[PDB]
Amino acid sequence: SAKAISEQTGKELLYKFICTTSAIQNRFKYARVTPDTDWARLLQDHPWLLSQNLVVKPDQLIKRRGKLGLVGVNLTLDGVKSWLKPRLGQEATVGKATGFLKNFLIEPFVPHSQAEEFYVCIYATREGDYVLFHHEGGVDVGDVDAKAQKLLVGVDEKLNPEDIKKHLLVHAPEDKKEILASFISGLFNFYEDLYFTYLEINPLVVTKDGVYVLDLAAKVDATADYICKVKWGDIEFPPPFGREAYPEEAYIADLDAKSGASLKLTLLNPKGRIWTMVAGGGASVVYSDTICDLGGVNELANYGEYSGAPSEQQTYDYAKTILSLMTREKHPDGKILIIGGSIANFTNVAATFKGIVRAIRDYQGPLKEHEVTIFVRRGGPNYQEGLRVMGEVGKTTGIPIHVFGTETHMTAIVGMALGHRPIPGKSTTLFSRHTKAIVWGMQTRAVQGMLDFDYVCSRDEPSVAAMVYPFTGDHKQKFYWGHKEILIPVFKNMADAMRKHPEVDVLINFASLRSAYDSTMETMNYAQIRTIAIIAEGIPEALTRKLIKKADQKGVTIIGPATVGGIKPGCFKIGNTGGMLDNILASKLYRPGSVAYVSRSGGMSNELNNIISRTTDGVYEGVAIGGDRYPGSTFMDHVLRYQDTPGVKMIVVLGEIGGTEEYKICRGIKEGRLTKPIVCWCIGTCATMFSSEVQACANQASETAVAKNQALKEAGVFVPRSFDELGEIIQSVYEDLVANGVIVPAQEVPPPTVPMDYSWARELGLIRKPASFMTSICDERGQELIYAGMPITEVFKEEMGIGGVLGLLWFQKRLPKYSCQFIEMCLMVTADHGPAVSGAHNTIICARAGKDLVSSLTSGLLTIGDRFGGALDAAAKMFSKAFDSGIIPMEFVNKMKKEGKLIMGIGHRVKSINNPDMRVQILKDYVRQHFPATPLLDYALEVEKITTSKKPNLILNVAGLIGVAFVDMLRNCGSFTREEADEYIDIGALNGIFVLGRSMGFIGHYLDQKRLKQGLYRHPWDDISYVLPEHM
Amino acid sequence: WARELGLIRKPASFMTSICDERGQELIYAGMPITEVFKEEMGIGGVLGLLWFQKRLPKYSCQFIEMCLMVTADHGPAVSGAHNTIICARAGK
Ligand SMILES: CC(C)(COP(=O)(O)OP(=O)(O)OC[C@H]1O[C@@H](n2cnc3c(N)ncnc32)[C@H](O)[C@@H]1OP(=O)(O)O)[C@@H](O)C(=O)NCCC(=O)NCCS
């Protein structure tokens, strides 16, 4: 939307980005003075104010400050000091609002008269830009709209100087006419390039010295920041002149910019009783109007809404913030919290309500003593399961939770809250049963919903003909016809999709705000598409106007941006309109009706669908034009389209603050263009009973909801007194029409079945599917990596080395430090043993064959087994089986000798006693020094004594030492049961130790062969004995 | 049960085109194994069905088989034969 900016920001933008032939003075010549800043620094870094006269103004968004006495003229430096004292720092009320003053601006003075002051204005409208010039400027203009010279500029064209001369600048002297003609053109160029929507200079001084701007009011489009963020620097949006934003209120605005969700909150008086946290913008407006209509004008405290499919954290923060701001007061009468909302279509009801459960779970102490009663009502995707979660959680906590579902009226909770009710070239047709649609984007949900509509409406032709996703090639995607297989075709470019079926008539775009404009513009180039529905919210207003004008000249109807779309029961739906499957079944939207409605909000359109379904034989078609200020189609367009449809019998109009569209509807009714019975209601009637409204932008009393409702009521429109009676009046008109006989209610036909998504079926807990895999070593699903129950940050904090991580991953145990260090030593010892062994040889051969690291390492590793690399495991098993039996080492040696088995882990080629193996010596020294008990190592050393008595070189090997010491570690460290250690030896933990250790050496060998640039190896023929058969 | 009643959608994560074993008949690329054997499509024909999903002409299948035979082995001195021999002598 459009937001007003400060005077200084507008002035600096004008100075930096102006392009005109006029002489520009006061360029970067201004100073911002603040109550809480160093004055000495201000006159030190910027002393250029010491030369000429100074003018001081307040820069807190003050309108018509000239007559208020806040404008100081002819001030000296000491004069400025004396002038700022009596008003700066405290309250200075204006009109009906109250607020302080903590920001002022000072500029140089120029001597001039009223004849040199002129009024310049530009403001953006649906048809382009209206520019106003007034020669008798200053603060004497008064009424301006019907007095100043007005010129219209169409969308997407330049402003020629001669039009300014002979149609805009008529009452000025020629000498200054020549300069103003170019100055206004440059001003318009600056306005258009920076994406401003409202620019105001009053007054403007022009003289032989140059052009001076005394006061400037600027309203710019925030949504177009991505077009001018580099050209805006650090732009700020000052709040309207009033009470400063609360520290918790601005937190909601901070959440607003986290994602595409809408998160707004405003405060008037925190001392009130009624508090609302209603989901959805339009739903929140309706709820506020309902509460203020029946006696909540002043007792309401907050005004907040949340929509746009907020996530878990966003809704959690919103709820905790609103409750925290709720618990700063004690109300003896009592406290209530109305949270309602319309029927949601895209917002995840379950996630948001789980978030507010988590937010209310810990906010129970500082709320129970404040006697807070919560009234909950909602509908949408996964509403009932979360609703019963609310029921059970509210029963568990104890606070009064009043749960109302879809079956109850939207505003009934408000009625029971205060005790008022006891507590219980366009075309007349756009979509048809044969309509084909192209969905642009990675939006599978839209296609699924449209296709499910095609089934529940008993259509023999899918409404979705193509999918366009530029970042993937032409392919086919899984879907069902009935319950059998179909494939939707997904294309890269729009041209191919348009050509492959030219009968497609409607396109619905789900592209983000960056590419929505370009995609829509390129879609406009094909005459097959007759209706384009834009779903993105946040498109710049100028680009939206360009799209609207191009569609109007192309004859293509538009569903305006910032909406969920529309639904035609029995024929067609746009995007996520109508909600999920069971809501379509409940709202009875799978058969055509006789009454049609038009609105702006998305979810509240589904609420109107529900109201009509409850009180009328069904809906024929409903369209939401969007929340942007310039929707592609207005209310009047859809009203005429419904009027030209014979199937439609009643018209419903449900808008809000903004525009004079209802006056146009009344005018069309009076002169005989509209004849069908019409029920209309303008929400926002409470906007006059609040302090200031932000979520629109009414200018006069004519654009007020109450005035529009009255003008509709006494013009031939069935307007109820409020939204509460809207259902009753609609039902009464339906009864009158069926009593007349124009409407013949057809009998119901049962809808067919359509399959349900597995993921959201699994979320509801409706399906059991057994897990095919079981893991226990690592968890990566959470926000932190987990190693056997131990977080990675805790792994590194505890200084668990490679051995500690190995223990966690292989044994799921927190091993003692000496165990981890012994594991690392074992890895170091087995790291490599030269290139001559089988595994190193195979790795070297594969590396010299040009293969990558993985293939060479793998080729080497696959030799590890019984003859190579299996000595650790064999030695451990042999010594463990000997020691577990009662046999003494001598008996073990004799028993091995009898069976013709060499004791695995004994015997070295060159090392003997009085010539120790150094690797064995290091490992054995560490094991003796640090291990608590080494029974198997003692047994193996006795066996070594015997075998060395037999023959000197029969010493305990590296393999035997590592095996027996690893058995001792697993068995006598206190982390394993004896059965656990036995199982870990049995399943091959020592094979893993050897393989992981020798992988280092094998990778080193691969890197060495690559670095040495060794060529392909072929074994010599003379080293091979060829003994082949002679004839066989 | 839900899949049998056809009220649950879960997309398949794998796609295949060469062999179907679910049915009463083993099928190589849309051809039953009985028809594979009764039409004398040997190693080459099965290879064409499984690798290219085509019924190659008879001479193509025989040429594929001849290519397999000529590359069957080239002595123990080459790298792959050397590694296979060494891994075999390691008891694997
Ligand atoms: C194919 C190509 C490698 C020919 O190689 P070459 O250098 O002519 O000969 P080789 O590499 O076979 O070996 C040369 C000698 O080593 C001998 N030799 C080959 N393998 C041996 C082994 N395992 N032990 C001992 N000697 C061997 C050969 O008998 C030959 O002996 P000679 O010098 O007495 O004739 C060469 O032309 C080329 O690079 N061509 C590119 C096309 C290609 O790469 N084709 C792949 C081959 S199917």
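Every chain is numbered from 1, with letters handed out A, B, ... down the list of sequences.
Taking the six-membered ring where the residue is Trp, A:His841 and A:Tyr1017 present perpendicular rings, their angle passing 60° and hence far from 30°.
Within a 6.0 Å radius of CZ in A:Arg768, no more than 12 heavy atoms belonging to other residues, nucleotides or ligands are found.
Only the backbone of A:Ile864 comes within contact range of chain B, with at least one heavy atom under 4.5 Å from a heavy atom of that chain. Using a 4.5 Å cut-off between heavy atoms, A:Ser838 contacts chain B through both its backbone and its side chain. With a threshold of 4.5 angstrom between heavy atoms, A:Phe479 approaches chain B through its backbone and through its side chain. Residue B:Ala81 does not touch chain A at all, counting heavy-atom pairs closer than 4.5 Å.
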A:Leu1016 vs A:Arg848, side-chain contact (heavy atoms from CB on, under 4.5 Å): CA-CA, chis, key distance, verdict: CA-CA 5 Å; A:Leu1016 171 79; A:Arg848 290 181 58 163; 5.8 Å; no
Criterion side-chain contact (heavy atoms from CB on, under 4.5 Å) on A:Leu861 and A:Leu857, from CA distance to verdict: CA-CA 6 Å; A:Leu861 287 184; A:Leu857 169 68; 3.9 Å; yes
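Interface check for chain B: of the options A:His1019, A:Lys478, A:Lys769, the most heavy-atom pairs under 4.5 Å are formed by A:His1019. Comparing B:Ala88, B:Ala12, B:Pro76, B:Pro11 by how many heavy-atom pairs each has under 4.5 Å with chain A, the most go to B:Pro76.
Using a distance-only test at 3.5 Å, with no hydrogens or angles considered, no donor-acceptor pair links the side chain of A:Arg1018 to the main chain of B:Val78.
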